[PDB]
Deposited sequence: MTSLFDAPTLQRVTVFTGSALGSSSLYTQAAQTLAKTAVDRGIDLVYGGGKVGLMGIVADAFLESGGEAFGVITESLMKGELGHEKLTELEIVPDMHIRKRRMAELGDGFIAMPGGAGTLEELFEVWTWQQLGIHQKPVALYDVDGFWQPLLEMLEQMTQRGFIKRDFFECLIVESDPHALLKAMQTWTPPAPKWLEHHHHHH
């Protein structure tokens, strides 16, 4: 059905170039023009803050999910549509997954990769689209790692028949909406 929310993973740093910020803002505008809200981890620094603000300033809604510990460290964004506090990181990540209709990974560090690998681990274990927003070819070295992992027999070929990889935000989001994966019995 209609994508209503996307769950977004992205760095708590801005990056070396203002191009990451701009790719985030554009992605948010595009999503908000398509009727799509933001679910994310409730931060205010780096690309996390940039994308949440972008959704809000574009006139959309932004839903944050954060742990009680992160909140007490003052890490929580204070003008979201809603900030859910949950007791621990297991709950946080599962809640982020339940709220979204799909996942988008933008540029980030260790944390973003962890989140992304976590959803891929859950999908091995039995189902929503995952898109890599390939801003400036950011995700290309990862796709090479993943292809190498498939050739070496550690991931099934079927991985590539489900994955979305796009550098253009209009096309990234349209592809999540028209997501034609293989039927569960093949996975």
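No alpha-carbon coordinates exist for the deposited sequence positions 1-7, 134-135, 197-203, given here in order along the chain.
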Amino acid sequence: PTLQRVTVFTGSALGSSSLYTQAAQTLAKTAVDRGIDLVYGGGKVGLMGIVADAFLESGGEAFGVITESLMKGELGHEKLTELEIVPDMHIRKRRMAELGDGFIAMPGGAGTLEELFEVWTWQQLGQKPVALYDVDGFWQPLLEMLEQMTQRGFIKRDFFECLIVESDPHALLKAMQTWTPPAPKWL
From here on, numbers count along this sequence of modelled residues.
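Per the PDB record, of the two stretches 65-73 and 47-55, 65-73 carries the greater mean B-factor over its C-alpha atoms.
Mean C-alpha B-factor is higher over 178-186 than over the other stretch, the pair under comparison being 3-11 and 178-186. Taking the deposited Cα B-factors for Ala131, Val135, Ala31, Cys162, the highest one is held by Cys162. Among the modelled residues of its chain, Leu125 has a C-alpha B-factor that falls in the highest third, as given in the PDB entry.
Looking at the C-alpha B-factors along this chain, the one for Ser16 belongs to the highest third. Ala23: CA B factor lies in the lowest third for its chain, per the PDB record.
Among all modelled residues in its chain, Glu78 ranks in the highest third by Cα B-factor. Among all modelled residues in its chain, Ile155 ranks in the highest third by Cα B-factor.
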